[PDB]
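*Asks:* Supplied structure: upload-v2.txt, compact mmCIF, C-alpha atoms and all ligand atoms.
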# COMPACT_ATOMS: atom_id res chain seq x y z
CA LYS F 18 5.87 -29.77 7.71
CA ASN F 19 6.19 -26.36 9.54
CA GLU F 20 9.74 -25.89 8.14
CA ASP F 21 9.56 -22.09 8.88
CA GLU F 22 9.29 -22.56 12.70
CA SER F 23 12.11 -25.19 12.37
CA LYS F 24 14.21 -22.28 10.90
CA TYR F 25 13.65 -20.23 14.14
CA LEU F 26 14.55 -23.31 16.26
CA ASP F 27 17.71 -23.89 14.09
CA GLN F 28 18.70 -20.19 14.66
CA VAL F 29 18.42 -20.75 18.46
CA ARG F 30 20.45 -24.04 18.12
CA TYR F 31 23.11 -22.16 16.04
CA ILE F 32 23.39 -19.32 18.64
CA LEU F 33 23.69 -21.78 21.61
CA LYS F 34 26.41 -23.79 19.75
CA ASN F 35 28.41 -20.98 17.99
CA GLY F 36 27.43 -17.68 19.72
CA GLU F 37 29.89 -15.44 21.64
CA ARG F 38 29.39 -15.10 25.44
CA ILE F 39 29.11 -11.27 26.00
CA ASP F 40 27.84 -9.20 28.98
CA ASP F 41 25.34 -6.61 27.66
CA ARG F 42 24.84 -2.92 28.65
CA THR F 43 22.97 -4.02 31.87
CA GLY F 44 25.74 -6.54 32.82
CA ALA F 45 23.43 -9.48 31.86
CA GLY F 46 25.16 -12.53 30.29
CA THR F 47 24.10 -13.21 26.65
CA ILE F 48 25.09 -15.63 23.86
CA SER F 49 25.23 -13.57 20.64
CA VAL F 50 25.47 -14.05 16.85
CA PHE F 51 25.64 -10.84 14.76
CA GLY F 52 23.80 -11.03 11.39
CA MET F 53 21.09 -13.67 10.82
CA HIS F 54 18.39 -13.87 8.07
CA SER F 55 15.24 -16.06 7.92
CA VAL F 56 12.09 -16.08 5.72
CA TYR F 57 8.53 -16.94 6.89
CA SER F 58 5.64 -17.62 4.48
CA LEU F 59 2.59 -15.35 5.16
CA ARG F 60 0.63 -16.93 2.26
CA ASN F 61 -3.06 -17.92 2.60
CA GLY F 62 -3.64 -16.22 6.00
CA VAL F 63 -0.56 -17.74 7.77
CA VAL F 64 0.94 -15.77 10.72
CA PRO F 65 4.27 -17.04 12.15
CA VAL F 66 3.12 -17.41 15.80
CA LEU F 67 5.44 -20.05 17.39
CA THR F 68 3.69 -23.36 18.28
CA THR F 69 6.60 -24.83 20.40
CA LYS F 70 5.83 -22.26 23.18
CA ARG F 71 2.76 -20.01 23.64
CA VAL F 72 3.23 -16.44 22.32
CA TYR F 73 1.29 -13.65 24.12
CA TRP F 74 -1.13 -13.07 21.19
CA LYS F 75 -3.42 -10.79 23.29
CA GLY F 76 -0.28 -8.63 23.89
CA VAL F 77 0.79 -8.74 20.20
CA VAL F 78 -2.61 -7.48 18.96
CA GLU F 79 -3.20 -4.81 21.68
CA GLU F 80 0.41 -3.48 21.33
CA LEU F 81 0.01 -3.25 17.50
CA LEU F 82 -3.41 -1.46 17.71
CA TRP F 83 -1.82 0.96 20.26
CA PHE F 84 1.16 1.63 17.88
CA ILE F 85 -1.35 2.29 15.03
CA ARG F 86 -3.25 4.84 17.25
CA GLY F 87 0.12 6.72 17.60
CA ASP F 88 -0.25 6.15 21.38
CA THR F 89 2.80 6.39 23.73
CA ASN F 90 0.85 6.05 27.05
CA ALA F 91 1.76 2.67 28.69
CA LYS F 92 -1.37 3.10 30.93
CA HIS F 93 -3.69 2.67 27.85
CA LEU F 94 -2.01 -0.71 27.12
CA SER F 95 -2.02 -1.69 30.87
CA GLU F 96 -5.82 -0.92 31.00
CA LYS F 97 -6.36 -3.76 28.43
CA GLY F 98 -4.39 -6.16 30.73
CA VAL F 99 -1.15 -5.82 28.66
CA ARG F 100 1.66 -4.83 31.08
CA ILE F 101 4.68 -5.31 28.71
CA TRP F 102 5.59 -1.52 28.65
CA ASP F 103 4.59 -0.73 32.29
CA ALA F 104 8.16 -0.89 33.78
CA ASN F 105 9.49 1.61 31.14
CA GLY F 106 6.65 4.10 32.01
CA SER F 107 7.01 3.81 35.85
CA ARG F 108 7.80 6.94 38.02
CA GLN F 109 11.09 5.13 38.94
CA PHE F 110 12.22 4.37 35.32
CA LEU F 111 11.25 7.94 34.12
CA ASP F 112 13.25 9.63 36.95
CA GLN F 113 16.25 7.27 36.29
CA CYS F 114 16.20 8.17 32.51
CA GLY F 115 16.13 11.93 33.39
CA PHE F 116 12.43 12.34 32.39
CA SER F 117 11.40 13.72 35.86
CA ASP F 118 8.92 16.23 34.24
CA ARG F 119 7.01 13.35 32.47
CA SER F 120 3.73 11.87 33.81
CA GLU F 121 3.75 8.13 34.74
CA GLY F 122 3.07 5.98 31.62
CA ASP F 123 4.76 8.46 29.18
CA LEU F 124 7.21 6.33 27.08
CA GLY F 125 8.18 9.35 24.90
CA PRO F 126 8.20 9.47 20.96
CA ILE F 127 8.48 5.64 20.53
CA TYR F 128 7.11 3.41 17.67
CA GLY F 129 3.46 4.63 17.56
CA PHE F 130 4.46 8.33 17.56
CA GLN F 131 7.15 7.75 14.86
CA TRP F 132 4.74 5.67 12.67
CA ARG F 133 1.96 8.34 12.62
CA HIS F 134 3.68 11.70 13.56
CA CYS F 135 7.28 11.32 12.28
CA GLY F 136 9.25 14.61 12.80
CA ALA F 137 6.56 16.32 14.96
CA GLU F 138 7.84 17.94 18.22
CA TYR F 139 7.05 15.59 21.17
CA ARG F 140 5.29 17.53 24.01
CA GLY F 141 4.10 14.52 26.10
CA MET F 142 1.64 11.60 25.72
CA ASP F 143 -1.46 13.73 26.65
CA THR F 144 -1.09 16.09 23.58
CA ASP F 145 -3.35 15.47 20.51
CA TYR F 146 -0.92 15.14 17.51
CA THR F 147 -3.66 14.71 14.80
CA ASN F 148 -2.13 15.64 11.34
CA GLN F 149 1.25 16.77 12.91
CA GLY F 150 4.41 15.26 11.31
CA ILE F 151 4.67 12.61 8.55
CA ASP F 152 2.12 9.75 8.76
CA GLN F 153 4.54 7.03 7.50
CA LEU F 154 1.87 4.31 7.90
CA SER F 155 -0.65 6.18 5.63
CA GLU F 156 2.22 7.03 3.18
CA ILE F 157 3.27 3.34 2.81
CA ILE F 158 -0.44 2.35 2.26
CA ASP F 159 -0.65 5.10 -0.45
CA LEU F 160 2.57 3.74 -2.09
CA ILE F 161 1.32 0.10 -1.98
CA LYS F 162 -2.03 1.15 -3.58
CA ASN F 163 -0.70 3.61 -6.23
CA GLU F 164 2.94 2.50 -6.87
CA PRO F 165 3.17 -1.16 -5.74
CA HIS F 166 6.62 -1.65 -7.42
CA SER F 167 8.20 1.22 -5.35
CA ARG F 168 11.67 0.51 -3.84
CA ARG F 169 11.00 3.30 -1.24
CA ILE F 170 8.21 1.69 0.91
CA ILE F 171 9.83 2.04 4.38
CA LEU F 172 8.30 2.22 7.90
CA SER F 173 11.03 3.48 10.31
CA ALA F 174 11.05 4.09 14.10
CA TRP F 175 14.82 4.99 14.10
CA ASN F 176 14.36 8.78 14.54
CA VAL F 177 17.94 9.72 15.58
CA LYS F 178 16.93 13.23 16.81
CA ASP F 179 14.21 11.63 19.05
CA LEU F 180 16.26 8.64 20.44
CA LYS F 181 17.30 10.67 23.55
CA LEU F 182 13.55 11.25 24.38
CA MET F 183 12.55 7.55 24.05
CA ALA F 184 12.04 5.21 27.07
CA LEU F 185 13.93 2.63 24.92
CA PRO F 186 15.50 2.95 21.43
CA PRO F 187 13.56 0.85 18.85
CA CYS F 188 14.58 -2.87 18.56
CA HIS F 189 12.36 -3.41 15.46
CA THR F 190 14.22 -0.63 13.64
CA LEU F 191 12.69 -0.42 10.13
CA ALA F 192 10.46 -2.53 7.86
CA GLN F 193 10.45 -2.42 4.05
CA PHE F 194 7.36 -3.54 2.07
CA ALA F 195 7.17 -4.75 -1.54
CA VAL F 196 4.38 -6.02 -3.86
CA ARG F 197 4.89 -8.89 -6.34
CA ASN F 198 2.05 -10.71 -8.20
CA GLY F 199 -0.51 -8.88 -5.99
CA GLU F 200 1.29 -10.36 -2.89
CA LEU F 201 2.53 -7.98 -0.14
CA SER F 202 5.86 -8.98 1.49
CA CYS F 203 7.78 -7.38 4.39
CA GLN F 204 11.50 -7.29 5.31
CA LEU F 205 11.96 -6.43 9.03
CA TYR F 206 15.37 -5.10 10.17
CA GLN F 207 15.68 -5.87 13.91
CA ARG F 208 18.96 -4.43 15.33
CA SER F 209 18.52 -6.49 18.56
CA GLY F 210 16.51 -9.73 19.02
CA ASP F 211 16.05 -11.62 22.31
CA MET F 212 15.42 -15.09 20.78
CA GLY F 213 13.64 -16.26 23.99
CA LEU F 214 10.89 -13.63 24.60
CA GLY F 215 11.19 -10.71 22.13
CA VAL F 216 11.70 -12.29 18.69
CA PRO F 217 8.66 -14.69 18.73
CA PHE F 218 6.46 -11.71 19.80
CA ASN F 219 8.00 -9.42 17.14
CA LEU F 220 7.59 -12.07 14.35
CA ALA F 221 3.88 -12.43 15.30
CA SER F 222 3.55 -8.58 15.36
CA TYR F 223 5.05 -7.89 11.87
CA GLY F 224 3.27 -10.96 10.42
CA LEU F 225 -0.04 -9.53 11.67
CA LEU F 226 0.79 -5.96 10.50
CA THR F 227 1.61 -7.26 6.95
CA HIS F 228 -1.79 -9.10 6.88
CA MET F 229 -3.60 -5.92 8.10
CA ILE F 230 -1.93 -3.68 5.45
CA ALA F 231 -2.60 -6.34 2.73
CA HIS F 232 -6.31 -6.43 3.83
CA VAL F 233 -6.64 -2.58 3.58
CA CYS F 234 -4.87 -2.66 0.13
CA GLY F 235 -6.96 -5.61 -1.25
CA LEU F 236 -3.77 -7.71 -1.69
CA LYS F 237 -2.73 -11.27 -0.87
CA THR F 238 0.33 -11.83 1.37
CA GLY F 239 3.77 -13.20 0.40
CA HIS F 240 6.63 -13.57 2.93
CA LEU F 241 8.20 -11.92 5.97
CA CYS F 242 12.04 -11.69 5.83
CA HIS F 243 13.48 -11.33 9.37
CA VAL F 244 16.93 -9.66 9.51
CA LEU F 245 18.70 -9.71 12.90
CA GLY F 246 21.64 -7.60 14.05
CA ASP F 247 22.46 -8.97 17.54
CA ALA F 248 20.54 -12.31 17.63
CA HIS F 249 21.03 -13.25 21.32
CA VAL F 250 19.91 -15.66 24.05
CA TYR F 251 20.05 -14.45 27.69
CA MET F 252 22.13 -16.93 29.78
CA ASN F 253 19.07 -17.10 32.18
CA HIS F 254 16.87 -18.45 29.26
CA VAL F 255 19.26 -21.27 28.10
CA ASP F 256 17.57 -24.11 30.13
CA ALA F 257 14.08 -22.92 28.96
CA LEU F 258 15.18 -22.75 25.27
CA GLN F 259 16.84 -26.23 25.55
CA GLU F 260 13.37 -27.49 26.74
CA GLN F 261 11.68 -25.77 23.73
CA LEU F 262 14.24 -27.22 21.23
CA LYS F 263 13.06 -30.80 22.14
CA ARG F 264 9.57 -29.96 20.68
CA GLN F 265 8.48 -30.54 17.01
CA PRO F 266 6.59 -27.54 15.52
CA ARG F 267 2.87 -27.67 14.60
CA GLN F 268 1.40 -25.84 11.54
CA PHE F 269 1.25 -22.02 12.10
CA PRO F 270 -2.20 -20.47 12.67
CA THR F 271 -4.08 -18.27 10.15
CA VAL F 272 -5.66 -14.83 10.67
CA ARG F 273 -8.87 -13.45 9.18
CA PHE F 274 -10.59 -10.07 9.57
CA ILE F 275 -14.32 -9.45 10.20
CA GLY F 276 -16.39 -6.26 9.70
CA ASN F 277 -16.12 -3.45 7.09
CA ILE F 278 -12.41 -2.43 7.52
CA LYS F 279 -11.61 0.33 4.95
CA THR F 280 -8.49 1.91 6.59
CA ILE F 281 -5.58 0.87 8.85
CA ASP F 282 -7.33 2.88 11.66
CA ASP F 283 -10.54 0.71 11.52
CA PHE F 284 -9.12 -2.49 13.12
CA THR F 285 -10.30 -3.48 16.64
CA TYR F 286 -9.33 -6.44 18.87
CA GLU F 287 -12.70 -8.08 17.91
CA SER F 288 -12.04 -7.60 14.13
CA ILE F 289 -8.96 -9.95 14.30
CA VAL F 290 -9.67 -13.74 14.37
CA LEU F 291 -6.74 -16.16 15.03
CA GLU F 292 -7.59 -19.68 13.70
CA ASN F 293 -6.04 -23.02 14.78
CA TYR F 294 -3.44 -21.64 17.25
CA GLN F 295 -3.02 -24.44 19.83
CA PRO F 296 0.60 -24.04 21.04
CA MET F 297 2.57 -26.35 23.38
CA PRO F 298 2.81 -25.22 27.06
CA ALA F 299 4.35 -21.71 27.67
CA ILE F 300 7.97 -21.74 28.99
CA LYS F 301 8.67 -19.07 31.68
CA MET F 302 11.61 -16.71 30.81
CA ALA F 303 12.38 -13.80 33.24
CA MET F 304 13.33 -10.17 32.24
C1 LIG Z 1 8.23 -6.78 23.17
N1 LIG Z 1 8.13 -6.72 24.63
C2 LIG Z 1 8.55 -5.49 25.28
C3 LIG Z 1 9.94 -5.60 25.89
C4 LIG Z 1 10.47 -4.50 26.60
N2 LIG Z 1 11.70 -4.54 27.16
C5 LIG Z 1 12.45 -5.66 27.04
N3 LIG Z 1 13.68 -5.77 27.58
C6 LIG Z 1 14.41 -6.91 27.45
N4 LIG Z 1 15.65 -6.97 28.00
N5 LIG Z 1 13.96 -8.01 26.78
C7 LIG Z 1 12.74 -8.02 26.18
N6 LIG Z 1 12.32 -9.11 25.51
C8 LIG Z 1 11.89 -6.82 26.29
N7 LIG Z 1 10.65 -6.74 25.74
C9 LIG Z 1 7.56 -7.80 25.34
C10 LIG Z 1 6.90 -8.83 24.65
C11 LIG Z 1 6.31 -9.89 25.33
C12 LIG Z 1 6.35 -9.96 26.72
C13 LIG Z 1 5.67 -11.10 27.42
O1 LIG Z 1 5.49 -12.15 26.81
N8 LIG Z 1 5.22 -10.88 28.67
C14 LIG Z 1 4.43 -11.80 29.48
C15 LIG Z 1 5.26 -12.30 30.66
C16 LIG Z 1 6.40 -13.23 30.23
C17 LIG Z 1 7.31 -13.48 31.41
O2 LIG Z 1 8.23 -12.66 31.65
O3 LIG Z 1 7.12 -14.49 32.12
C18 LIG Z 1 3.19 -11.13 30.03
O4 LIG Z 1 2.26 -11.85 30.48
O5 LIG Z 1 3.12 -9.88 30.06
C19 LIG Z 1 7.00 -8.93 27.41
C20 LIG Z 1 7.60 -7.87 26.73
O1 LIG Z 2 10.33 -5.70 20.87
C1 LIG Z 2 11.35 -5.96 21.51
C2 LIG Z 2 11.87 -5.19 22.59
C3 LIG Z 2 13.00 -5.58 23.20
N1 LIG Z 2 13.71 -6.69 22.81
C4 LIG Z 2 14.93 -7.11 23.53
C5 LIG Z 2 16.21 -7.13 22.71
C6 LIG Z 2 17.25 -6.87 23.79
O2 LIG Z 2 17.49 -8.05 24.55
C7 LIG Z 2 16.54 -5.83 24.65
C8 LIG Z 2 16.74 -4.40 24.21
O3 LIG Z 2 18.07 -3.97 24.62
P1 LIG Z 2 19.00 -3.10 23.62
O4 LIG Z 2 19.17 -3.91 22.36
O5 LIG Z 2 18.35 -1.77 23.39
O6 LIG Z 2 20.30 -3.01 24.39
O7 LIG Z 2 15.14 -6.17 24.58
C9 LIG Z 2 13.27 -7.50 21.77
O8 LIG Z 2 13.87 -8.50 21.42
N2 LIG Z 2 12.12 -7.07 21.17
Let me see the structure of the file written as structure tokens.

*Replies:*
Amino acid sequence: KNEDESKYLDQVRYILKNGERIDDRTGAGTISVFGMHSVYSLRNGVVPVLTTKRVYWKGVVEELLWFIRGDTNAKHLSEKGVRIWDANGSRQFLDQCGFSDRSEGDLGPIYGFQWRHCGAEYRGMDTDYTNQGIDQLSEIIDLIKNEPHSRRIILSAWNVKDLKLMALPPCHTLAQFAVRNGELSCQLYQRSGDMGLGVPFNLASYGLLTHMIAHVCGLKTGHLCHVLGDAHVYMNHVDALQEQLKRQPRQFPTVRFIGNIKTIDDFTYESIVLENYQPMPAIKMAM
């Protein structure tokens, strides 16, 4: 009945069977297919959070709220128990990326900064950037509200001039939104998708963001189209993914929002309620 999660599982099956064995930039073995497309229903509250292995929902929500704040300080995420960016903000990683003058935790002008302060001069994580640069997130909300049929509703983190300053170049590269029949849909272009760890997290993240924007704009939700460039499995995840592929998906959970939420900046962890998410046991996959 959850045919959408079966699509994700079939993508993994296709990569394991047909993918090319390539060593990546780190020397890590991967199995890769270039160019994959899948569609997930977001209708009637549904968020595509995989049921065949637990997704780090606490991490998904806190990371997304941190992006929306325009925050690039890994420490602020770590303080909420979410460590997923900590390695990239470490004294070691900063020095190794030639960011020796940066304070620990400073990831540079990554997603949050690009979403809210696009084109502003980055001067470190501790600077207040209020009103500096282009607030893409507010601009796309204004387009959805005033010109819902627009073909120009794009949220991009791929700031070429800023790539050299970023801890990592964006994997979730741009998202396009569209309104049909008072339903908000999203097409996510992901240049690089780790099918084991990254992609399930990223699908949950853009599913949730589409619901949050729809809520602010008084719209229903439609679908999330997921476009992959390098759809890959790490060789060290193959046994774990073979275990997952034996499992039959359950129905995806739904999300609902509580409180008076007027703008994209008014969401809190407590305002977001995930309903009927009881996944199968987590499967450990190393970095
Ligand atoms: C999106 N993201 C950031 C991130 C940064 N660099 C990366 N680099 C690579 N090579 N691959 C990734 N998937 C990756 N992901 C994520 C998302 C989820 C988890 C995650 O589920 N972490 C679990 C631990 C999972 C585990 O490794 O056992 C946790 O409790 O923090 C980590 C990083
Ligand atoms: O949100 C994220 C962040 C990272 N990655 C994975 C994809 C790649 O395996 C790696 C990034 O390496 P490059 O594509 O930049 O080489 O991390 C994701 O899948 N999603």

*Asks:* Between atom CA of residue 158 of chain F and atom CA of residue 233 of chain F, what is the distance, to one decimal in Å?

*Replies:*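 Value for the atom CA of residue 158 of chain F-atom CA of residue 233 of chain F distance: 8.0 Å.
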
*Asks:* Wanna dump the chain F-ligand LIG 1 (chain Z) contacts at 7 Å for me, each residue with its shortest atom pair and the distance in Å to one decimal, counting all atoms listed in the file, ordered by chain and number, as a tab-separated table?

*Replies:*
residue	atom	partner	partner_atom	distance
F:72	CA	Z:LIG1	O1	6.6
F:73	CA	Z:LIG1	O1	5.2
F:76	CA	Z:LIG1	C11	6.9
F:99	CA	Z:LIG1	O5	6.1
F:100	CA	Z:LIG1	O5	5.4
F:101	CA	Z:LIG1	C20	4.4
F:102	CA	Z:LIG1	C2	6.0
F:211	CA	Z:LIG1	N6	5.5
F:214	CA	Z:LIG1	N6	4.8
F:215	CA	Z:LIG1	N6	3.9
F:218	CA	Z:LIG1	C10	5.7
F:219	CA	Z:LIG1	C1	6.6
F:301	CA	Z:LIG1	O3	4.9
F:302	CA	Z:LIG1	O3	5.2
F:303	CA	Z:LIG1	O2	4.6
F:304	CA	Z:LIG1	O2	5.7

*Asks:* Residues within 9 Å of ligand LIG 2 (chain Z), counting all atoms listed in the file: report them as a list in words.

*Replies:* residues 41, 42, 43, 47, 185, 186, 187, 188, 189, 207, 208, 209, 210, 211, 212, 213, 214, 215, 216, 217, 218, 219, 247, 248, 249, 250, 251 and 304 of chain F

*Asks:* Please, which residues in segment 95-191 of chain F fall within 9 Å of segment 234-239 of chain F when counting only C-alpha atoms, and what is the closest atom pair and distance in Å to one decimal for each, ordered by chain then residue number, as CSV?

*Replies:*
residue,atom,partner,partner_atom,distance
F:158,CA,F:234,CA,7.0
F:159,CA,F:234,CA,8.9
F:161,CA,F:234,CA,7.1
F:162,CA,F:234,CA,6.0

*Asks:* Given the choices F:51, F:223, F:206, F:128, which gets closest to residue 184 of chain F if the distance is worked out from all atoms listed in the file?

*Replies:*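 Of F:51, F:223, F:206, F:128, the one nearest residue 184 of chain F, counting all atoms listed in the file, is F:128.
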
*Asks:* Would you mind listing what lies within 12 Å of residue 137 of chain F as a ChimeraX atom specification, with all atoms listed in the file counted and same-chain residues fewer than 3 positions away left out?

*Replies:* /F:87,126,130-134,140-141,144-152,176,178-179

*Asks:* Near residue 29 of chain F, counting all atoms listed in the file, which residues have an atom at most 8 Å away, once you skip same-chain residues fewer than 3 positions from it, shown as a compact mmCIF listing (two decimals) with C-alpha atoms, keeping the file's coordinate frame?

*Replies:*
# COMPACT_ATOMS: atom_id res chain seq x y z
CA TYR F 25 13.65 -20.23 14.14
CA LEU F 26 14.55 -23.31 16.26
CA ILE F 32 23.39 -19.32 18.64
CA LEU F 33 23.69 -21.78 21.61
CA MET F 212 15.42 -15.09 20.78
CA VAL F 250 19.91 -15.66 24.05
CA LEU F 258 15.18 -22.75 25.27

*Asks:* Would you please work out which residue, of F:255, F:53, F:82, F:241, is nearest to residue 288 of chain F when using all atoms listed in the file?

*Replies:*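 Looking only at the distances to residue 288 of chain F, the closest residue turns out to be F:82.
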
*Asks:* Quick one: distance from atom CA of residue 281 of chain F to atom CA of residue 177 of chain F in Å, one decimal?

*Replies:*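 Atom-to-atom, atom CA of residue 281 of chain F to atom CA of residue 177 of chain F, that is 26.0 Å.
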
*Asks:* Considering only C-alpha atoms, state which residue in the set F:35, F:295, F:285, F:227 is at the smallest distance from residue 63 of chain F.

*Replies:*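 Ranking F:35, F:295, F:285, F:227 by distance to residue 63 of chain F, first place goes to F:227.
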